[PDB]
Each structure stands twice: as structure tokens, then as C-alpha cells.
Amino acid sequence: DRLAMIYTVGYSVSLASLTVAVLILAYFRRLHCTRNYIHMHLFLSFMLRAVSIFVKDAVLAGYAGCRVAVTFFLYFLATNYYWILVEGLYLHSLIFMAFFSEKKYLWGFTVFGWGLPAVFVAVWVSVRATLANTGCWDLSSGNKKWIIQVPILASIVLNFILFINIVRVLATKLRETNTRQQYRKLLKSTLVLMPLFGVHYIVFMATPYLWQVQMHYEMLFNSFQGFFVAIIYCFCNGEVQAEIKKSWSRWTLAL
Amino acid sequence: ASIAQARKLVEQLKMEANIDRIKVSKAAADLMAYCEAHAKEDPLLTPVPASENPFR
Amino acid sequence: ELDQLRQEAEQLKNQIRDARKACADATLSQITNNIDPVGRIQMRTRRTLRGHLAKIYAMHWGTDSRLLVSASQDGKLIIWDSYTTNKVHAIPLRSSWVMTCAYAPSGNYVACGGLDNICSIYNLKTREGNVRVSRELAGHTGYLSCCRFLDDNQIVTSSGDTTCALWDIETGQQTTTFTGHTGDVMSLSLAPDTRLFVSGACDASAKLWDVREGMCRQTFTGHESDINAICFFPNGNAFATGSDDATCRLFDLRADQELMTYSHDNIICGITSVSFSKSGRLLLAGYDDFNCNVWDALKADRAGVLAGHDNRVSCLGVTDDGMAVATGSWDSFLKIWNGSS
Amino acid sequence: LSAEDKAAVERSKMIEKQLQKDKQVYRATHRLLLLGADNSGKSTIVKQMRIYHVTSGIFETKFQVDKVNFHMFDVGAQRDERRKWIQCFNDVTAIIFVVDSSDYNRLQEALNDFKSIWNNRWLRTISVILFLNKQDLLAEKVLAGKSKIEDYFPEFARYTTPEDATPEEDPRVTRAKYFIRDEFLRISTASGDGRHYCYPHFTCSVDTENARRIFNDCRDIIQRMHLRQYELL
Amino acid sequence: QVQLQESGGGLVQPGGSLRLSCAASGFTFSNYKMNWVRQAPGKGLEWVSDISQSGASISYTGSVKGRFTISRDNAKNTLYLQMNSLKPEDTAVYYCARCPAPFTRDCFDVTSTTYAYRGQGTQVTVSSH
Ligand SMILES: Cc1cc(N2C(=O)NC(=O)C2(C)C)cc(C)c1CCS(=O)(=O)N1CCC2(CC1)N=C(c1ccc(OC(F)(F)F)cc1)NC2=O
């Protein structure tokens, strides 16, 4: 009863937060950059994942609608982690080399992030249709579910490695530049950049191998993932806040 | 050197001290009349309709 | 030896100050009190010229009030068609550190210069269609800050070596040199009659120069900091000055003293550019707080604020007919502002 | 009408294509500003590092290290006053400052020059690469000892060599040579925030690694500026 | 017109004390940071000390550290410089210089050969007699 209401209200508030975040990151021309483009791509991926989960739970016998809903849900779940990995790789590339090609690298990252999960999902769909093609695809057909899970685990591992590397280089930079303030800044940086979604995925995946509370926690986390992302990565952004303040000041001065 | 520079400065100040001068009220009126004469010819002062505006 | 000369100079300065004070019959505020205020003025960005790489340090309008030339620090001189936003030319500069640019009244020539001390003139009207360096001028030790065109054959140049020089296109030699300043000369404006021009330097003073004679006419004081930008009021009988003290002063060639001070307590940023409108009622001045304020030349009131720029504005110019104003800044964007009835 | 508009559109497209082509070239090169007094050996480090190659007023020097374009500009025939043209160099990657540490008379003038640059409103986001040239001359002056630092810097008597110092050499030269480094560090951090930092280096008249230090410092500045955009640092 | 008129100086026995003042006019004294510079005979201009707009930030050069005291009077729009226990190397022309721009902590061309915002200076001489 209350669980379904909490689920739907959390997913609605997450969708609204992601939509408004996309609106801020696309309307303002001063916030136009490759970093902002990848942020917008991540926000759109989260939006698409939320929309896919609504479609799936609304339209839970092997009809084409349920199969396409499951396909969309798998694709939009993979794209979130792949775009997180893309953002990590872009930041690592920015740190580790001065030379860059904005348009070429942005297009390559976008193509990779939107195609590799797409390729894996298409392969999974082809395998499912060729081998079993029975009922809806909600049930896992043994090892066939590893077509999508393994790339997600690889992306999570790579993102964790990149996070450790950037934490190390940030600590080195803080030590070189020379404290309570330095420790606080490092702690804030690692807390912001610490990947909890990945480890949550691994623990949630392994848990079947306390069930009610685990399922409730998983549902709440999946519902509020978008809300947390929008709150900590767009509403707490310094550039977004500065642009909003400048626009508000200009509007007040206009009248 | 320094003496020559000071002499040149004195000459410049003396040449700038022998000029016809008009009252500041007349100087202000000369600009006020010019501003009020071309008031209707200024597109910035008086907005120009978009029909003949070349910045539509 | 120097004591007598210093005493004579002090006496002459005191006499000049006394003469200026005696001529002060009244002030501009008292005579302009009984006039209709300009009121709020709304400016909207009609065109946004983008494409410059580095910060823009100078821009100039053409005679036709349609083609404008913009100079930026990436070494590119781009001529913009303000009506259709199209770029008609992109002249690459030999030195990227440019500080000024000028458009000839005929439109066939464009000049630029900067820290290279070289005034480069480009022949836009060529048969092959490719812009090439017509000639180069090398006679100024200080950095070139400003340059203006008298005609197709004569060019007036301001340098940072406390000197101003007038050149000719045919031979590329200094016809006359103006040596009366003690600080870097930043900007100069030619009066509409083209007979004389005024300039301001980094000594809190401005000098009026005669082109043909080659000697200074009058000097002006009152500013508390270096003069950054100067413009001539349409009637050619007055000019306005801006400095780093967040204050704009208006000077008259006949009164030989300041007319009205445009300043605000809130404003603490210096001036970078200044220009007048067609009628002269609207005074537009640049600022370092990322916006331009429209100043009433008579009532000394802020008619409007041009807050459409991210970085500080360095140049601004008004068309010959006053149709539109273009304000360049350090954000590598050019904004065209106009009102609506 | 239509033909003229089409021709203008085509010309604008060609100009935009040229600008896009020349955007990568402009972004690849890192602009640098070289500053220093007459006693400082700016010309020595200009000629020594010129081996890395790919009236006038401002000189341009181009050198390539690790396949990265580096353009530095040295002001020549210009007036002593520099409060106006120094604002043109706000977009440079870094400012190279050369200091004569073997004079004890112009050292205060170099300190005042550092104060003006560090506290400049427009030169607030630019890191300063400090080049303490003529350290060979500082060493020989210390041993003979006719000229001391106490008469010029009374606080040098109470100064102590920092623990973090790594001498490469009697204790006298490293104590004084690091004392000048401590003076420059304290001035930079007296009022400057985390927007920019000062990188001090030890420079001689025969060293050939000056280009490497500039490349390393410029890479650090770019990395820190990227982190600042990400708000991580 | 911005001008500065230094007053004081003269012949003072070594190890003595003298006080000289800087008069200012034509600008807001409080809004502009003021510096003190020195030009020894046969040597270029050198910096001595500076005072902030409100006097909170005060600094001296090492050569005269702990020897001179600078006082700023905004109401009287004059700058004070008190000296005591002089040395034979301190005889020079003391020039009163003003920073080019207000509300800024950076002053570039204060120690310039042809600076515009500086006074005519007063000669100070110390020698045994
Ligand atoms: C780097 C970057 C920087 C910026 N910023 C910018 O530009 N200006 C700025 O201020 C910031 C915001 C720094 C913006 C973005 C989008 C990114 C990429 C962000 S991400 O894609 O790499 N990703 C990292 C992995 C990730 C999700 C987001 N986070 C969490 C997470 C962990 C704990 C949480 O709770 C609490 F925090 F512990 F409390 C909450 C979430 N779990 C994950 O898996």
C-alpha cells in the first residue's frame, strides 16, 4: 500500500528534478561545454531509465509490448552506468593530457555510451528470440542474463579504478599545494565522487545468492537515485548556482 | 636638459593661457540646443518602428 | 635655475585656474534642472556576433553603418555584416597582441595596431579579393593604443610613448608629431570637422591638437586617474572622458573646464570605452563590472544598463546614423542593442 | 538579390570554416609572458632554450617540448610604465618571472614587482613561474662573504632552513637561497587565494632543463584549472 | 589637477630624527593607496614603505624595517613619515607617490622614472658636522 505510493512519488519527483536539471543545463548558453553536454546526457539517461521503469511496471502472454518494455528497461539501465563511466573517462582524459579535440572526443564519447549498451541489448534480444522466445522476458533464462550484467560490472569496476586514481591525484595535488581545509576539501571531493550505485548493484545482484527489507531498500534506492543525482550534481553545482544568481539579478534590474 | 624641458613647459602653459574663452553657461546652452534640435533624429533616443528598422 | 622656471609655471597654472573659475557663470545641472528627464531606456540584443577566439580590444563602425570591423587578441581582424550577421572578411594579423582598429570613411582601407608598434593598413578593395598588407608604419617607440582615419591618404595614430603622430599613406612618413603628454596615450577621437582632434593619456589630462599646425591648443584637468577612453560630442564643440576612478567627465572646448561629472557611489569600476549618440543626449560608457551604463549627457542619470556581457566590456561604438550600438567585451562576443516602440 | 545573399552566405560559411580550422591551432599553443628587470638574465634563458625551436616592442619566441606548442612573449622597446599593457596578457597560461638573487639591492624591487603582479585584479587567475636565475653568482658571493643579507634583510638572522628543503654545498648557500624562496612564497600566499599559485625554480646561466620545468608547470596549471571547473579542488 | 607637495627635510646630524609630511590635493585621499619611495644620489628610485586606504595593512622594506613610522590622516588629507636614528646612507630625495588606481591593492608604476602621480620631493641630507 504505502510502498507503492512511496515508489511512485519518488520516481515522479526524480523525473521532475531530472527534467528541470536538463532545462537549466540546456537553456543557458553560458553553461554550454563538453562537460555540461555529458552531464545532460547522464540526466537524459536517468530520465529514460525512470520512464522505462514506469512503462514496465504499468504494462508488466509473450506480447511484443512487454518484450520491448523489458528491452528498453535493460538498455536504459545499462546506459546509466555506461554514461557514468564515460564521464569518469572524460575527466581522467582532461586530467592526464592537455591536448584535446572537443568535437571529436565529445562525438566519440556520445557514440560509445549510446551504442555499446545498445549493441549488447540487441545481442541479448537476438539470443533470447533465437533460443527460447517464450513468454515475457522478465524471467532470467539462466546464463543468458549475463549478456547485459557483465558489461555493467566491467563498467562499474573501471569507474571504481578511475575514481581511486583521481582521488590519488587530488591528494597529491593538495599535498603539493600545501591542514583542516585541505582534508575537508579532499573528503568532500571523494564523497561527491564515491560510486555507491555500482556497489549497490553488486550487493543487490549477489544478495539472492532480510529479503523483505532488502527489496524495500532496493526499491527506495532505485526510486531516489535520480533525485539524489539531480540534488547533488545539478542543484549543488557552483556554476549552475552562479548562472541562476546572475540571471535573477539581471531580471530584477530589468524591472 | 631639465632647464630646456621646463622652458618648453612654460611656453606651452603660456600658449594655453592666451585664448578666447566663453562663459560656461553659453557652453552648456550650445550643447543643450544641439541635443534638443536632433532629439527626433536619434533612433536610440526615440525608438524606430520595426517596419523601417534594419535590425528586425 | 629650475626654481624660477617652476615658480613661473606655478604662477601660470594659478592664473589659468583663476581665469577658469571666473568664467564659471553657472553649472550644467542648474540649467538642465528644468528639462524633461530621459527616463528609463530599454536596450535589447538584436544581433550576437560570435566567432572571435580571444578577447576583443577594439571595434569601429563603417560610414554606411552596416559593416563593422572588430579586433581581438587572437590575431584576427573580422569584418561583420551587422544586418545579416555574416562575416565578409577575416584578416589574419601578423601580431596577435592588437589593441586598436579603424575603418576608413571610404571603406576601402582598414588599420590595426598593438604592442608591435606597427600600424598595419589593409586594402579591402582589391581585384583578387584577397586582403593584403598595403604598408606598415614604424615610427613609434611605445605600444600603439589607438588609430583613426582622416581620409584615404592621412591617418592619425596614438601611441603609448606620450606622443601622437600623423602619417600619410603614399610615403608612410610622419608628417607631424604631437609631443605634449607625460603618460601613455590610450585613445583619441577626430572631430566631425576633421580640422582638429582631442586625445587623453595616462596623466589624468587631455590635450586638444591641431592637425595642420601640429601644436596643442588647450589642456584639461580634473580627473583623478588615467584617461582610458575619449569621444567627441556630435557638434564637435565638446568631448567626454573616462578614467579608472569610475567617473566620466564632460569637457568643452570653449569653457576650458569640466562641464558635468557622471558618477555613482555604487559604481567603483573603471572606464574602458565611451561614445556619444547621434543627438548627443545619450552617453554610453564602458565599465569593468561586465555591463555598460547609458548616461544622460545633461541630467547625469543612468538611463539604462547593458548587462548582456559576461566579461568586462572593452569597446563600444555607435553608428553614424545612430541606428544601433555595438559593444564588444572580453567574452569574445559582440552585442548589437536597439529599442522598440 | 537572391544571388548576392547566397554569395554572402557562402563567404560567411567559408570564414566560419577557416575559424573552426584555426581554433584547434589557437588552442594547442600555450601563451606565456616573460617578465623581469634589466639585471635578470631573461635573454640568457631565451637563447638557451631557443634550441627547442619548432622599434619592435614585443618579441615572440616559439619552442616545442613533448609535441606541445609553447609561445612566450618578451617585452622589449617599451616604456618603463607597464600598468596598461599588462592587462593584455590576462589569458596567458602562466607568467615567467626572472629574479636576480645575487644582488641584494634590486631584490626588494623584484619583491615589489611580484606584489604588483600577484595583487593585480586582471592577473588573478594566472600562475607565476618563478625563475631564480644567477644562483651560481649567489653561491660564490656567500662564501667570500663581503656582502651579507642581514644589512638588507634583518629577519635573515632569525631565519632557519626549512625541514622540507632538499639541498643538492655548504649550509650557508642553501640557507640564504631558500630564504629568498621563503620570502617569495610568503608574499604570494599573503593575500592570494587558491585561484593561482607560485611555482619557484632554481635557474642558472647554463641549465638546459628550463623548458622542461615550464612544460611541467603549465601542465599542472591546466590540470588544476580543469579541476577548478569541476569544482573538485 | 592631481598634485603632491612634500614638506620637511633638511640637514640632520646622523643618528637624529626628523619628520616630513606629504600634502595632497585634487583627489580623494582615503580612496587611494599611498606609497613612499626613495632615490639615492647616483642610484635609481627605490621603494621604502606603503600605507593602505584605512591603514590596516602597513609594510616596510627590510633596509628601514623597525626604523621609520608612517601615519596617514584622511581628514587632513596628508601623509606623514617619521624617521629617527638615521644612517649616513639614508640621505636622498624622498618622493611621495600615489597608486595609479583606487580600491586596488596593486601599484605597478609607483617606482617609475617618469611617474605622473608623484611630488617634486624634498632633499634630506645627513653628515657629520
Ligand atoms: C564528477 C562530476 C562533477 C560534477 N560537478 C560540477 O561540474 N560542479 C560541481 O560542483 C560538481 C557537482 C562536483 C558534476 C558531475 C555530473 C560529475 C559527474 C558525476 S558522476 O557521473 O561521475 N557520478 C559518480 C558516481 C556516482 C554518481 C554520479 N555518485 C554517487 C553518489 C554517492 C554518494 C552520494 O551520497 C553522498 F554524496 F555521499 F551523500 C550520492 C551519490 N554514486 C555514483 O555512482
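Note that the numbers count up from 1, one per residue, in the order the chain is shown.
So how was this one determined? The header says electron microscopy, 2.6 Å.
Positions of Cβ are set from backbone N, Cα and C atoms, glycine also.
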Looking only at what Swiss-Prot records, is A:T130 on the same membrane side as A:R30? no
For the missing segment of 6 residues, report the Cα-Cα distance in Å between the flanking residues A:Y209 and A:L210. 13
Any contact, the transmembrane segment (A:106-127) to the transmembrane segment (A:187-206), with at least 3 Cβ pairs under 8 A: no
Do the transmembrane segment (A:187-206) and the transmembrane segment (A:36-57) come close, with at least three CB pairs under 8 A (pairs 6 or more apart in sequence)? no
Residues in the topological domain 'Cytoplasmic' (A:28-35) per DSSP class, helix first, strand next, coil last, are 5 helix, 0 strand, 3 coil
Go through the chain and flag residues at least 6 beyond the ends of the transmembrane segment (A:68-92) whose CB is under 8 A from any CB in it; none is fine as an answer. 34-35, 38-39, 41-42, 45-46, 48-49, 51-53, 55-56, 59, 105, 109, 112-114, 116-118, 120-121, 124-125, 136-138, 148, 151-152, 155-156, 158-159, 162-163, 165-166, 195, 197-198, 201
Using a Cβ cut-off under 8 Å, which residues of the same chain at least 6 positions beyond either end of the topological domain 'Extracellular' (A:128-142) come close to it? 60-63, 66-67, 70-71
Anchor-to-anchor distance, in angstrom and between Cα atoms, for A:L60 and A:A61 with 31 residues unmodelled between: 11
Length in angstrom of the chain break flanked by A:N178 and A:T179 (5 residues not modelled, CA to CA): 8
Residues of the parent chain within Cβ reach of the topological domain 'Cytoplasmic' (A:93-105), under 8 Å, 6 or more residues beyond its termini: 34, 166, 169
